[PDB]
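Trainee: The structure that follows is given in the form of structure tokens.
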Amino acid sequence: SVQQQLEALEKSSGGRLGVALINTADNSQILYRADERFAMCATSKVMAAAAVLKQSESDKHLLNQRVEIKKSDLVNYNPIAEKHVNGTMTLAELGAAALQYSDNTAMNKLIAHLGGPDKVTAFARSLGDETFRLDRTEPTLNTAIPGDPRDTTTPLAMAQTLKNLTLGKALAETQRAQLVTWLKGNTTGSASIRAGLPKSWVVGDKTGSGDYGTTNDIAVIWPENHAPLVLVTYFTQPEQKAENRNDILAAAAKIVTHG
């Protein structure tokens, strides 16, 4: 069975696997440890970006508001923001950079605009997500310590909320569309869920990775002849210095969309 294949995959991998697939044709679900908490790592960046889009629903100048990038703002891994030191980036550009390149400076600028991590949590609560919590900024939100509740969610909660954000009621249409456009242009996910799927399918996703070999991907999937699928694959391991395992996420994607 699908359940037996995921269990064997997890055993042989040496870690803990969390999967939630929602089939929007009939709201059927494939769940594996989907009520267990996992460290989100950079998959939390979707919530911070969405929180800014929500603000833009009532303020038509917000996304084009300029933000100055100073050398001191830079943290670790800054592929887009480092290209703009002593210049500016708009809030829209920072959302794009946070999502499509997983820029960490971009994420911190979004959090600071919103007023801190607790405002990202409050936004999640406003969508009906009672599980998501963001506690820290970059880079420390990726420590992914086993049993640590900070900066965690569950696979099912994140799958439900990702569906609401991209396909459902959470955002007005223009903002929903802008979020989907960003996810579809992600550059970081080619070896994760996407690699387990037919090459013709269209995918929007956001990866995450952290310590304890924590390796994550969340995706919206548009088949060519079927209703969309939403898939969350979270994976973490017991040793702090474990290698990340994007191949495990690809394998899990292949198992749960078979037939």
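Chain A is numbered as in Swiss-Prot; the shown residues are, in order, 32-290.
Placed from the backbone N, Cα and C atoms, the Cβ positions cover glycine too.
Reproduced below are the annotations present in Swiss-Prot:
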{"type": "BINDING", "residues": "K237, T238, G239", "note": "substrate binding site"}
Trainee: Using the CB centroid of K237, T238, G239 as the substrate site centre, which other residues of the same chain sit with their CB within 8 A?
Mentor: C72, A73, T74, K76, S133, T219, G220, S223, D236, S240, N247, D248, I249
Trainee: Near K237 (substrate binding site), which residues of its chain come within a Cβ-Cβ distance under 8 Å, counting only those 6 or more away in sequence?
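Mentor: The answer is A73, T74, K76, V77, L130, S133, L214, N217, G220, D248, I249, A250.
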Trainee: In DSSP terms, helix, strand or coil for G239 (substrate binding site)?
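Mentor: Once the DSSP labels are grouped into three classes, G239 (substrate binding site) ends up as strand.
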Trainee: Just how many other Cβ atoms lie inside 10 Å of the Cβ on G239 (substrate binding site)?
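Mentor: Taking all protein chains shown, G239 (substrate binding site) has 26 Cβ neighbours within 10 Å.
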